[PDB]
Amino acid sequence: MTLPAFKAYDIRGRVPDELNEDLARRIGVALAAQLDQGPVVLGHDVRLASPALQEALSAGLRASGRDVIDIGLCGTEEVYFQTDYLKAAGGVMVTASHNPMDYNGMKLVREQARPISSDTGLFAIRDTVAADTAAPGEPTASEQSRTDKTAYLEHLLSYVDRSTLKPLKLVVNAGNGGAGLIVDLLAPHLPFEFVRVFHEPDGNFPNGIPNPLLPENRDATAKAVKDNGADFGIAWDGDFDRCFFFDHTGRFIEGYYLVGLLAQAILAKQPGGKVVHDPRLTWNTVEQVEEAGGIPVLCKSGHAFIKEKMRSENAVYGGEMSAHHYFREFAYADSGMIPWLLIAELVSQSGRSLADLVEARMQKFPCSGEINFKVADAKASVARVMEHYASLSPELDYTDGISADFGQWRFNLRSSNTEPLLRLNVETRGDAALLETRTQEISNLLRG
């Protein structure tokens, strides 16, 4: 067969069956043969296995003559930023994002933090590793320990005018992932009062997997916000490349509406910029980008596609409805920290709550949120939906699965590139009853 840990965008597996130290080391040797010249930046997340996997990966790399720069415990965006900042040949983050306790993985980038996908070298690494039968060589290169985050921190703060910031009260929920360490390093430079929930890094995840979409993690943050009268709350996944917002009532804000709002914040600083967005949910983003003088640029979802469209278009900002936010000045990479700094500045400067900033957008373009399906025949399921609606003549688009625009409502339906699921997203023009009917009706066609 082929190695199962090698997914489309990255390496995800169960330790030690699909991913282990010998596989990691072999990945190190194979990566040395794919990169242009320069050192390799390594980082890892809080998971229990992640240091041992990094040590193995460093050994394979140094056996093949690449210097390693170990930046230690970190979030995924720091490997991206440090790879670009230090002009390294590439970087590797050991992490399993939001996945179960027995999982780990790796995200790989080349120069300027460009992603390595199955498309673009990750499957060439897989093939090399699959065949590499050789014995581990000895380290012929060094490992430098570069744990200082000053440049990263200074970079993050540069997005906001610190003298316009009000002493807002913010709940932060790191889910025992790694985000609280960055918060605690920024706190001395910010006027905010932080209310820290599930703050300490703990790879045993005592309070559960860092995944804010799970209702127990959701309710922990929503409750902290109401109990403390915070202005809003922020929660991250384990490696904090995803950021989720809660308004002052404790209400979870669908990542879709943050794309348009962050867009407007950015185009206030860089007028006439291009903004990259995905096709799942579109109408609110397009109108807000245009209202702000920007240019909306549609792109297939998935972080490797977004980053490339942004480079090739010189887009100032890009956003997915799955809580990934991308910034040109951040090596065209995603950050889970920049978003909430931008929102904090917006609230401070406008005198508006986060709830009021999004309220009218949510009523103007209600959406279903992402709904996932395991079905028997994904093709036959999709066929049934298209059959049922063909007599209404929807405008179709195949940029990313199927988008069907009916005028007053639309949906996107697409297979996942990382799970064997169908993902559904629906939205209407200010009609919540139509939203519910069409979402139930489509759900029925899918399952039946």
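Take the two forms, superpose them, and find the largest set of C-alpha atoms that agree within 1.5 Å; that set is the rigid core. Throughout, we count residues from 1 along the sequence that is shown.
Fitting on the rigid core only, I'd like to know which of the two stretches, 93-101 or 318-326, ends up farther away in Cα terms in 9 other deposited structures of this protein.
Between 93-101 and 318-326, greater C-alpha deviation in 9 other deposited structures of this protein belongs to 93-101.
Which stretch is less alike in 9 other deposited structures of this protein, 373-381 or 341-349, counting RMS CA distance after the rigid core is superposed?
Looking at 341-349 and 373-381 in 9 other deposited structures of this protein, the bigger mover is 373-381.
Of the two stretches 336-344 and 307-315, which shows the higher Cα B-factor on average in the entry?
It is 307-315 that shows the higher mean C-alpha B-factor.
On mean Cα temperature factor in this entry, is 397-405 or 412-420 the higher one?
In the deposited entry, the stretch with the higher C-alpha B-factor mean is 412-420.
Quick one: which of 240, 152, 194, 373 shows the highest Cα temperature factor in the PDB entry?
Max CA B-factor in the entry, restricted to 240, 152, 194, 373: 373.
Going by the deposited entry, which of 369, 175, 351, 105 has the highest CA temperature factor?
Among 369, 175, 351, 105, the highest C-alpha B-factor in the entry belongs to 105.
Of the three thirds of its chain by CA temperature factor, lowest, middle or highest, which one includes residue 211?
Middle third - that is where residue 211 ends up once the chain's C-alpha B-factors are sorted.
Can you tell me whether residue 123 has a C-alpha B-factor in the lowest, middle or highest third compared with the other modelled residues of the same chain?
Within its chain, residue 123 is a highest-third residue by C-alpha B-factor, going by the deposited values.
Is the Cα B-factor recorded for residue 12 in the lowest, middle or highest third of its chain?
Its C-alpha B-factor, which the entry lists for residue 12, ranks in the highest third among residues of this chain.
Going by the recorded CA B-factors, say which third of the chain residue 433 sits in, lowest, middle or highest.
It belongs to the middle third of the chain when residues are ordered by C-alpha B-factor.
Can you work out whether the C-alpha temperature factor of residue 295 puts it in the lowest, middle or highest third of the chain?
It belongs to the highest third of the chain when residues are ordered by C-alpha B-factor.
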